[PDB]
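Just the one chain here, the form deposited in one PDB entry, laid out as structure tokens.
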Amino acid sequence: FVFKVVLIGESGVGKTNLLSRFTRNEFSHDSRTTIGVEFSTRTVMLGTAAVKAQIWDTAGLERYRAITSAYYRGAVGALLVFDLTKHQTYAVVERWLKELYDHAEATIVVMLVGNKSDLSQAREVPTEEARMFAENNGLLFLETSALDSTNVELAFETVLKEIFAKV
């Protein structure tokens, strides 16, 4: 099993560090906006099945780009990430969900992720508002920190499990 998973959401929310945390257990306090498109992999054992996650990443830019179709093409999973310290990143989440469904295949498993949980003091999005939006739209929901690690394995592994349950 190889499951293509995409990372979507605003610039700055932590997509690239969630990728590097999950796939290499590495984090960079410095990272700049991503150029182009890349992917990294991690393979887990689910029951008795080896499952490779092939997780794609690009800058969270709202404008039209040529790569958008091919980015979403064949994806069976998505993490739609906002920064829980930045309310603008959450407000705009219905717009990303719009894009996902325009390009994504029908059976895509979607998890809404509020990243930067380690910055609880600068929080601008209540867990509750985000959970309910997720529940209303049939999306999974978690809060993570790529920085300290909280829920990062759980977030990617829960998506892979739900994909695996379907396939």
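Shifts are known only where both forms have a C-alpha. Basically, rigid core = biggest C-alpha set you can superpose within 1.5 Å across the two forms. Heads up: residue numbers just count along the shown sequence, starting at 1.
Mean C-alpha temperature factor, higher of 122 to 130 and 65 to 73: Result of the comparison: 122 to 130.
Residue stretch of maximal mean CA temperature factor, 56 to 64 vs 26 to 34: Mean C-alpha B-factor is greater for 26 to 34.
Ranked against its chain, the third holding the CA B-factor of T41: For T41, the deposited C-alpha B-factor lands in the lowest third.
CA B-factor ranking of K4, expressed as a third of its chain: Tercile = lowest for this residue's CA B-factor.
Chain-wide C-alpha B factor ranking for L84, given as lowest, middle or highest third: Its C-alpha B-factor, which the entry lists for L84, ranks in the middle third among residues of this chain.
Within-chain third of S117 by Cα B-factor, per the entry: It belongs to the middle third of the chain when residues are ordered by C-alpha B-factor.
The same protein has a further form, the form deposited in another entry, not shown here; the description that follows concerns it.
Rigid-core fit between the shown form and the other one, the member of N137, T127, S31, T43 whose C-alpha shifts 2 angstroms or more: It is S31.
Core-superposed C-alpha of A70 shifting 2 Å or more between the shown form and the other one: Comparing the forms between the shown form and the other one, which are aligned on their rigid core, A70 does not shift its C-alpha by 2 Å or more.
Distance direction in that other deposited form for the C-alpha atoms of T34 and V81, relative to the displayed form (3 angstroms or more): The answer is farther, because the C-alphas of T34 and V81 separate from each other in that other deposited form by 3 Å or more.
Shift in CA distance, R131 and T33, in that other deposited form relative to the form shown here, given it is 3 Å or more: Relative to the displayed form, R131 and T33 move farther apart in that other deposited form - a change of at least 3 Å between their C-alphas.
Regions of at least 3 residues displaced between the shown form and the other one by 2 angstroms or more (CA, core superposed): Moving stretches, in sequence order: 29 to 35, 60 to 63.
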